[PDB]
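First, one chain by itself: the form deposited without the DNA, in structure tokens.
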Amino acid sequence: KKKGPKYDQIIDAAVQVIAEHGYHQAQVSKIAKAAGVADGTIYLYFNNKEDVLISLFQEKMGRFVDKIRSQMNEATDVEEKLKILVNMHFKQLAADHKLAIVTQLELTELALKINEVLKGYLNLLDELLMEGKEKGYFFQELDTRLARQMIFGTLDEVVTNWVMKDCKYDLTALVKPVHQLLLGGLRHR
């Protein structure tokens, strides 16, 4: 279903208030003022703060994935697809520091829901891994589930450390060695 115009507006403002103040100390009224709307307008779109948070994540992630998926199918080799995934992951977060703060630090039943949204990205990883196995790029005895956990767990840990250091350094400088490290492990490159 297509969004109301203010929908996108509240979410954007939600990112800013949550990052700047923290999730617990964020309030619907402060999100309203930041989005430039009346408090009651927010409740037309969302029921409460946690509904804003999950809609935020669902929305941001849905586009995050489709953009990665797009950059991927206009490519040849599957290791360049992996490179594309790794660079699209870092770039999108590098392009939005406040969003990175929300997804890495400010993100119970809540956790379960966040995990469900994440499944879309994990599915994309699975597709990539299945393809690479099938075409003999990745070794064939590779467990797709474990490989997905290694890839996601590594990218997420790199990003989270960057957010902990106040997004100070160039995250996209890590694209190539992360990519290489995923492909060759500790032993090879």
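The numbering used is simple: start at 1 and walk along the sequence shown.
Note that the form solved in complex with the DNA isn't included here; everything after this is about it.
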query: Contact test in the bound PDB entry: residue 38 vs the DNA, heavy atoms, 4.5 Å; finding: yes
query: Non-hydrogen atom contact residue 144 with the DNA in the bound PDB entry at 4.5 angstroms; finding: no
query: Contact test in the bound PDB entry: residue 152 vs the DNA, heavy atoms, 4.5 Å; finding: no
query: Partner proximity in the bound PDB entry: residue 137 to the DNA, non-hydrogen atom cutoff 4.5 Å; finding: no
query: 45, 57, 64, 162 - the one with a heavy atom within 4.5 Å of the DNA in the bound PDB entry; finding: 45
query: Selected contact from 53, 68, 128, 28, since only one has a non-hydrogen atom within 4.5 angstroms of the DNA in the bound PDB entry; finding: 28
